[PDB]
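Reproduced below: run13.txt, with compact mmCIF, C-alpha atoms.
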```txt
# COMPACT_ATOMS: atom_id res chain seq x y z
CA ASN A 1 0.00 0.00 0.00
CA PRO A 2 1.63 3.23 -1.27
CA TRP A 3 -0.98 5.22 0.67
CA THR A 4 0.24 4.16 4.13
CA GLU A 5 2.28 7.26 5.00
CA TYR A 6 -0.26 9.68 3.52
CA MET A 7 -3.31 8.01 5.08
CA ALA A 8 -1.73 7.86 8.55
CA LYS A 9 -3.38 11.12 9.63
CA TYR A 10 -6.81 9.61 8.93
CA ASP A 11 -6.24 6.81 11.42
CA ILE A 12 -8.10 9.01 13.91
CA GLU A 13 -8.06 6.19 16.45
CA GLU A 14 -4.25 6.25 16.41
CA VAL A 15 -3.48 9.95 15.94
CA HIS A 16 -6.33 11.42 18.00
CA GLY A 17 -7.05 8.49 20.31
CA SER A 18 -10.04 10.01 22.09
CA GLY A 19 -13.59 11.30 21.69
CA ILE A 20 -14.25 14.03 19.14
CA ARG A 21 -17.83 15.18 19.67
CA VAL A 22 -17.32 14.80 23.40
CA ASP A 23 -13.68 14.46 24.43
CA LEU A 24 -13.27 13.00 27.92
CA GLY A 25 -10.70 10.28 27.32
CA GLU A 26 -8.66 10.67 30.50
CA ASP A 27 -9.01 11.21 34.24
CA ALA A 28 -7.17 13.58 36.57
CA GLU A 29 -7.12 13.95 40.36
CA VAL A 30 -7.57 17.34 42.04
CA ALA A 31 -7.06 17.03 45.80
CA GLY A 32 -8.55 13.61 46.50
CA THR A 33 -11.14 13.63 43.71
CA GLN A 34 -10.98 12.21 40.19
CA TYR A 35 -12.36 14.26 37.30
CA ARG A 36 -12.91 13.61 33.59
CA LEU A 37 -11.02 15.79 31.11
CA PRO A 38 -10.29 16.04 27.34
CA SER A 39 -7.23 14.19 26.05
CA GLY A 40 -7.44 14.14 22.26
CA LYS A 41 -4.09 14.57 20.53
CA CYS A 42 -5.55 16.36 17.51
CA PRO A 43 -7.20 19.80 17.32
CA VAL A 44 -10.92 19.86 16.50
CA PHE A 45 -11.50 22.51 13.83
CA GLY A 46 -14.84 24.30 14.04
CA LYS A 47 -15.97 22.80 17.34
CA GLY A 48 -17.76 24.93 19.91
CA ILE A 49 -20.34 24.62 22.68
CA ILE A 50 -23.94 25.74 22.19
CA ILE A 51 -25.72 26.99 25.30
CA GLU A 52 -29.51 26.73 25.11
CA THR A 53 -24.74 33.86 26.66
CA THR A 54 -21.86 32.38 24.65
CA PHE A 55 -19.54 29.68 26.01
CA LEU A 56 -16.36 31.73 25.48
CA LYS A 57 -17.59 34.27 28.04
CA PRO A 58 -15.78 34.03 31.40
CA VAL A 59 -17.21 31.79 34.13
CA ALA A 60 -19.76 33.43 36.43
CA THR A 61 -18.17 34.67 39.65
CA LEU A 62 -24.65 36.07 38.91
CA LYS A 63 -25.54 32.57 37.71
CA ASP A 64 -25.21 32.74 33.93
CA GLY A 65 -21.60 32.87 32.76
CA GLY A 66 -19.65 30.86 30.21
CA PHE A 67 -17.07 28.08 30.07
CA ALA A 68 -13.94 30.23 29.93
CA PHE A 69 -11.53 31.31 32.66
CA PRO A 70 -12.50 34.17 35.01
CA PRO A 71 -10.50 37.45 34.79
CA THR A 72 -6.94 37.13 36.10
CA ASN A 73 -3.96 39.28 37.06
CA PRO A 74 -1.97 39.14 34.94
CA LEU A 75 -4.67 38.44 32.34
CA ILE A 76 -3.74 34.97 31.10
CA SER A 77 -7.15 34.30 29.53
CA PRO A 78 -8.11 35.40 27.01
CA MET A 79 -4.60 35.93 25.64
CA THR A 80 -3.52 36.76 22.09
CA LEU A 81 -0.90 34.75 20.20
CA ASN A 82 1.61 37.59 20.50
CA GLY A 83 0.63 37.92 24.16
CA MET A 84 1.48 34.27 24.74
CA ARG A 85 4.78 34.36 22.84
CA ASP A 86 5.79 37.41 24.87
CA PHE A 87 4.71 35.68 28.08
CA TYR A 88 6.98 32.71 27.38
CA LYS A 89 9.78 34.63 25.65
CA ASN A 90 12.39 33.10 27.98
CA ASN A 91 11.16 29.54 27.41
CA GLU A 92 12.71 28.28 24.17
CA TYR A 93 10.62 25.10 24.39
CA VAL A 94 7.35 27.03 24.21
CA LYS A 95 7.68 30.50 22.65
CA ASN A 96 8.04 29.11 19.12
CA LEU A 97 5.21 26.57 19.26
CA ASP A 98 2.42 26.83 16.69
CA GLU A 99 -0.61 28.81 17.87
CA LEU A 100 -2.73 25.73 18.64
CA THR A 101 -0.10 23.78 20.58
CA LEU A 102 0.98 26.95 22.39
CA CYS A 103 -2.62 27.62 23.42
CA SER A 104 -2.84 24.02 24.66
CA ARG A 105 0.41 24.30 26.62
CA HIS A 106 -0.63 27.70 27.99
CA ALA A 107 -3.87 26.23 29.34
CA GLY A 108 -2.00 23.20 30.67
CA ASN A 109 0.33 25.54 32.53
CA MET A 110 -2.34 26.49 35.06
CA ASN A 111 -2.38 24.21 38.12
CA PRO A 112 -5.58 24.47 40.23
CA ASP A 113 -4.00 22.57 43.13
CA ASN A 114 -2.11 25.51 44.65
CA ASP A 115 -0.43 23.26 47.21
CA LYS A 116 0.46 20.19 45.13
CA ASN A 117 1.42 19.18 41.59
CA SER A 118 -1.78 17.70 40.16
CA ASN A 119 -2.25 16.33 36.64
CA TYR A 120 -5.37 18.35 35.83
CA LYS A 121 -4.96 20.45 32.70
CA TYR A 122 -7.74 22.64 31.31
CA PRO A 123 -8.93 22.38 27.70
CA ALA A 124 -8.75 25.45 25.46
CA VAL A 125 -10.27 27.18 22.45
CA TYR A 126 -8.17 29.08 19.93
CA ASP A 127 -10.10 31.68 17.94
CA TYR A 128 -8.42 32.26 14.57
CA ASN A 129 -10.54 35.40 14.13
CA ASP A 130 -9.17 37.36 17.10
CA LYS A 131 -6.02 35.22 17.34
CA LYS A 132 -7.01 34.70 20.98
CA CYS A 133 -6.44 31.68 23.21
CA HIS A 134 -9.32 30.94 25.59
CA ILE A 135 -8.65 28.66 28.56
CA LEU A 136 -11.80 26.69 29.37
CA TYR A 137 -12.47 26.53 33.11
CA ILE A 138 -15.31 24.10 32.44
CA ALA A 139 -14.19 20.95 30.61
CA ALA A 140 -17.77 19.71 30.29
CA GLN A 141 -19.06 19.54 26.72
CA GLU A 142 -22.64 18.23 26.84
CA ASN A 143 -25.41 18.18 29.43
CA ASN A 144 -28.97 17.42 28.33
CA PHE A 145 -28.05 24.85 32.40
CA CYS A 146 -28.13 22.66 29.29
CA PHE A 147 -25.53 22.65 26.50
CA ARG A 148 -24.13 20.58 23.64
CA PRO A 149 -21.09 20.42 21.33
CA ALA A 150 -21.55 21.31 17.67
CA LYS A 151 -20.02 22.54 14.45
CA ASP A 152 -21.63 25.83 13.45
CA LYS A 153 -21.11 28.86 11.20
CA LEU A 154 -20.45 30.86 14.37
CA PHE A 155 -17.82 28.32 15.42
CA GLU A 156 -15.95 27.97 12.12
CA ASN A 157 -12.90 29.88 13.37
CA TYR A 158 -12.94 28.16 16.76
CA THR A 159 -10.67 25.21 17.55
CA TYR A 160 -11.23 22.87 20.50
CA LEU A 161 -7.91 21.97 22.11
CA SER A 162 -7.26 19.33 24.77
CA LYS A 163 -4.16 19.15 26.95
CA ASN A 164 -2.63 16.46 24.75
CA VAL A 165 -2.58 18.31 21.42
CA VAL A 166 0.70 17.29 19.79
CA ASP A 167 3.17 19.92 18.56
CA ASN A 168 3.21 18.32 15.10
CA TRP A 169 -0.55 18.16 14.50
CA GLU A 170 0.02 19.90 11.17
CA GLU A 171 1.85 16.78 9.99
CA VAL A 172 -0.14 13.99 11.64
CA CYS A 173 -3.66 15.38 12.10
CA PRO A 174 -6.42 16.18 9.58
CA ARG A 175 -7.51 19.73 8.82
CA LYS A 176 -8.36 20.29 5.17
CA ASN A 177 -11.06 18.45 3.25
CA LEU A 178 -9.83 16.49 0.24
CA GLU A 179 -11.39 17.84 -2.96
CA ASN A 180 -11.97 15.48 -5.90
CA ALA A 181 -11.06 12.64 -3.55
CA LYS A 182 -12.95 9.74 -1.98
CA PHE A 183 -12.04 7.70 1.10
CA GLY A 184 -11.50 4.05 0.20
CA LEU A 185 -10.00 0.76 1.34
CA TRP A 186 -6.83 -0.63 -0.24
CA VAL A 187 -7.27 -4.24 -1.36
CA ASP A 188 -5.05 -6.37 -3.62
CA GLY A 189 -3.26 -3.38 -5.16
CA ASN A 190 -6.45 -1.40 -5.76
CA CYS A 191 -8.39 1.20 -3.77
CA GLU A 192 -11.92 -0.12 -3.25
CA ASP A 193 -15.00 1.76 -2.06
CA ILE A 194 -16.10 1.66 1.56
CA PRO A 195 -18.37 -1.41 1.35
CA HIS A 196 -20.97 -0.10 3.81
CA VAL A 197 -21.80 3.56 4.43
CA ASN A 198 -24.61 5.41 6.19
CA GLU A 199 -26.10 7.96 3.80
CA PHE A 200 -27.20 11.29 5.26
CA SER A 201 -28.48 14.04 2.98
CA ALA A 202 -26.52 17.30 3.19
CA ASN A 203 -26.82 20.56 1.25
CA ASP A 204 -23.09 21.34 1.29
CA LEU A 205 -19.73 20.21 2.68
CA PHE A 206 -20.33 22.15 5.90
CA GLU A 207 -23.50 20.25 6.75
CA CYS A 208 -21.78 16.95 5.93
CA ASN A 209 -18.89 17.83 8.24
CA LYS A 210 -21.43 18.85 10.87
CA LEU A 211 -23.20 15.50 10.59
CA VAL A 212 -19.98 13.48 10.83
CA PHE A 213 -19.09 15.41 13.98
CA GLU A 214 -22.51 14.64 15.46
CA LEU A 215 -22.00 10.92 14.85
CA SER A 216 -18.27 10.75 15.59
CA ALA A 217 -16.35 9.29 18.54
CA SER A 218 -17.92 10.40 21.81
CA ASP A 219 -16.85 9.78 25.41
CA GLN A 220 -20.32 10.54 26.75
CA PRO A 221 -23.70 9.04 25.69
CA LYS A 222 -26.71 10.98 24.35
CA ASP A 223 -13.22 4.11 31.59
CA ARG A 224 -16.48 2.51 30.41
CA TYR A 225 -17.64 5.57 28.44
CA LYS A 226 -14.34 6.14 26.63
CA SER A 227 -14.38 5.76 22.84
CA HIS A 228 -10.59 5.96 22.48
CA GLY A 229 -11.15 7.43 19.01
CA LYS A 230 -13.56 4.73 17.85
CA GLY A 231 -16.63 5.93 15.96
CA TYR A 232 -18.16 7.39 12.80
CA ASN A 233 -15.31 9.83 12.24
CA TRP A 234 -15.22 9.87 8.44
CA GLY A 235 -17.52 10.93 5.63
CA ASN A 236 -17.45 10.90 1.84
CA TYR A 237 -19.43 13.86 0.56
CA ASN A 238 -20.92 13.55 -2.90
CA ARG A 239 -21.46 17.20 -3.82
CA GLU A 240 -23.59 16.25 -6.82
CA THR A 241 -26.08 13.86 -5.20
CA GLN A 242 -25.73 15.86 -1.97
CA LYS A 243 -25.07 12.70 0.04
CA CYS A 244 -22.93 12.61 3.17
CA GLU A 245 -21.71 9.01 3.19
CA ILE A 246 -20.71 8.31 6.78
CA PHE A 247 -18.73 5.31 8.05
CA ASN A 248 -16.78 4.16 11.12
CA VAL A 249 -13.78 2.24 9.79
CA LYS A 250 -10.49 3.97 8.97
CA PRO A 251 -9.75 4.65 5.27
CA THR A 252 -6.48 3.35 3.82
CA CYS A 253 -6.38 5.02 0.39
CA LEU A 254 -7.93 7.68 -1.84
CA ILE A 255 -10.10 7.39 -4.94
CA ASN A 256 -10.05 10.08 -7.62
CA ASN A 257 -13.62 11.27 -8.11
CA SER A 258 -14.51 14.87 -8.98
CA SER A 259 -17.94 14.43 -7.38
CA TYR A 260 -16.51 13.81 -3.91
CA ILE A 261 -14.93 15.67 -1.01
CA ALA A 262 -13.37 13.62 1.80
CA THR A 263 -14.05 14.96 5.30
CA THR A 264 -13.51 13.97 8.93
CA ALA A 265 -14.98 15.06 12.26
CA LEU A 266 -11.67 16.72 13.12
CA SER A 267 -11.41 18.50 9.77
CA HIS A 268 -12.31 22.14 9.12
CA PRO A 269 -15.90 22.44 7.83
CA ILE A 270 -14.88 24.69 4.91
CA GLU A 271 -11.20 24.44 3.95
CA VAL A 272 -10.32 22.19 1.00
CA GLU A 273 -7.11 21.11 -0.72
CA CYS B 1 -5.96 31.28 42.19
CA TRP B 2 -3.76 29.12 39.98
CA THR B 3 -0.08 28.22 40.05
CA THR B 4 1.96 28.01 36.86
CA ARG B 5 3.71 24.71 36.28
CA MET B 6 6.50 25.91 34.01
CA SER B 7 9.39 27.88 35.40
CA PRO B 8 9.40 30.21 36.84
CA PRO B 9 6.24 29.45 38.91
CA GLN B 10 3.84 32.18 40.14
CA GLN B 11 0.38 32.58 41.65
CA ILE B 12 -2.31 33.88 39.30
CA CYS B 13 -5.65 34.73 40.93
```
Would it be possible to restate this file's structure as structure tokens?
Amino acid sequence: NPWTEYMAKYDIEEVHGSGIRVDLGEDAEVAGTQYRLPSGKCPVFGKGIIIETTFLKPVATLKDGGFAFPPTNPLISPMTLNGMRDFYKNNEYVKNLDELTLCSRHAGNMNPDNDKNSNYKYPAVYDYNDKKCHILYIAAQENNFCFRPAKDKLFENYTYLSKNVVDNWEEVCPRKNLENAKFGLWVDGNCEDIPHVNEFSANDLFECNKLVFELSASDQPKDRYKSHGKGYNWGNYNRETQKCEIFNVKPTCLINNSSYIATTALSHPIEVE
Amino acid sequence: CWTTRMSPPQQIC
């Protein structure tokens, strides 16, 4: 299989290794109590939280706040990319990280246990629009104060980042959708179609990507609950028949077809290559 | 309040 190296980033179970829709693939102890927290190694492009008044607002210190960190001194959240690089200008192992990894490491730098070295590290959202890193004080992603994770037009520049986001995600994680390409399975020297797919109608690539995300790996219904990256993470979008062909086994090659755009739950809902 | 993990450590409230 000549596709092995190229198709490695689409082995979401191996490169991401956790839930996508709801990421709670690890546990951390904060002073005698275990908590669930995100642990996906890949960034989730376009993911945000919909509150049934926006989740990037700071946590309430009334009764209706958001998911983000409360105001701090010095203000470490929200913090711009340049603000972060300046903050870590003496740390050569951090100051030159890509914006997503840096945001992840910045969030993971904040220890809640002020008297001991705990392993709890907050998730984060990087907004490409403002170039701002938002540390999420609340790691919860769905509760149905009801809320749910989703891909949305409002969220297209958001990126959901766990503590485990690898510094080489650009090389090993998906981002762009593959235009004129179709996910397939390599068999006997030929790339065959995915034998069984679940067809969901979708008006455009965005809605297909949204659907895949809704059906993808989830660490919370509606260990034990951990998906470990297993799920309906991939989708072949036929732009002509407007079919989002969704499946749950990893693809191992590409098929040239001008009618198709290959997408994943981790991928950006718009960007193509 | 939080404590930074990377050096040098500080309290951020």
**OP:** List the neighbours of residue B:2 out to 8 Å using only C-alpha atoms; skip same-chain residues closer than 3 positions along the sequence, and give me the result as a list in words.
**Re:**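 The filter keeps residues 110, 111, 112, 113 and 114 of chain A; 11, 12 and 13 of chain B.
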Subject >> Shell around stretch 8-10 of chain B at 12 Å using only C-alpha atoms, local window under 4 positions removed, as a list in words >> reply: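 Close residues of stretch 8-10 of chain B: residues 73, 74, 87, 88, 90, 91, 109, 110, 111, 114 and 117 of chain A; 1, 2, 3 and 4 of chain B.
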Axis-aligned box for all listed atoms of stretch 22-27 of chain A, 5 Å per side, centre and edges in Å to one decimal, as AutoDock Vina command-line options:
```
--center_x -13.0 --center_y 12.5 --center_z 28.8 --size_x 18.7 --size_y 14.5 --size_z 20.8
```
Original post:
Between atom CA of residue A:266 and atom CA of residue A:206, what is the spacing in Å?
Top reply: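 These atoms are spaced 12.5 Å apart.
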**OP:** Tell me which of A:158, A:35, A:3, A:120 sits closest to chain B, counting all atoms listed in the file.
**Re:** A:120
Original post:
So which residues touch residue A:25 within 9 Å, counting only C-alpha atoms, skipping near sequence neighbours fewer than 6 positions away, as a list in words?
Top reply: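 Everything that qualifies: residues 17, 18, 19, 36, 37, 38, 39, 40, 219, 223, 225, 226, 227, 228 and 229 of chain A.
Put simply, atom CA of residue A:236 is 18.3 Å away from atom CA of residue A:46.
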Subject >> Contacts of residue A:145 within 9 Å, only C-alpha atoms, excl. fewer than 4 positions in-chain, as a list in words >> reply: residues 51, 52 and 64 of chain A
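Of the residues under consideration (A:97, A:79, A:84, A:140), A:140 shows the shortest atom-to-atom contact distance to residue A:50 when counting all atoms listed in the file.
Take the candidates A:15, A:217, A:94, A:165 and check each one against residue B:7 using all atoms listed in the file; the shortest distance goes to A:94.
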Original post:
What does the distance from atom CA of residue A:248 to atom CA of residue A:144 come to in Å, to one decimal?
Top reply: 24.9 Å
Original post:
Which one is closest to chain B: A:187, A:107, A:125, A:173? Count only C-alpha atoms.
Top reply: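 The shortest atom-to-atom distance to chain B comes from A:107.
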Original post:
Which neighbours of residue A:259 fall inside 10 Å, counting only C-alpha atoms, when residues of the same chain fewer than 3 positions from it are skipped, and could you give them as an NGL selection string?
Top reply: :A and (179-182 or 236-242 or 256)
**OP:** Can you work out which one of A:76, A:7, A:185, A:154 has the shortest atom-to-atom distance to residue A:49, counting only C-alpha atoms?
**Re:**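 So, comparing all the options, the nearest one is A:154.
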Original post:
A:85, A:222, A:210, A:47: which is nearest residue A:244, counting all atoms listed in the file?
Top reply: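 Answer, going by the shortest atom-to-atom distance: A:210.
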